[PDB]
Amino acid sequence: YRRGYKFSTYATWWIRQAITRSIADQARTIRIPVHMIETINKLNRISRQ
DNA sequence: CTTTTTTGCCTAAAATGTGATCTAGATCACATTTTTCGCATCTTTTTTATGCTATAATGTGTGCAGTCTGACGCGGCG
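Spelled out as structure tokens, the structure:
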């Protein structure tokens, strides 16, 4: 509490992390380590630009 | 009687046979230097498990079915 900010922001970071890599861990019959996942995100975004 | 063809001789001559006596060849079972191979180090080198980011954010549906149907079970349904 001492930071004096709204609590929502905090776990809005934490959860986001948890989700963001739990789907990447699971969610496939093929496991893909995170590094490929990241670079795939790079790819997909930059493709569109 | 003359020719030619043949053989045997002359006359020159190569091929055959003495075996006794060595002499460079090849064997022959077992020790040494080279290949470059295989598993332990390093030793990097890359890759991978794990860890944070402090404005703020508060109840789904999500795209579909086109609804077969006749008999029989079974829970109701009275």
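Quick note on numbering: my numbering labels position 41 of the first sequence as 329, and the sequence is numbered without any gaps. In this text, a Cβ means the ideal position worked out from N, Cα and C, and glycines have one as well.
Where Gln-305 is concerned, the enclosing alpha helix (DSSP H) starts and stops at 295 to 313.
Between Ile-325 and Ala-312, the C-beta spacing is below 9 Å.
Straight through space, the alpha carbons of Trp-301 and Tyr-289 are spaced by roughly 16 Å.
Per DSSP, the unbroken alpha helix (DSSP H) holding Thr-327 starts and ends at 322 to 336. The distance from the Cβ of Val-322 to that of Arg-309 is about 6 Å, consistent with a contact at the 8 Å cut-off.
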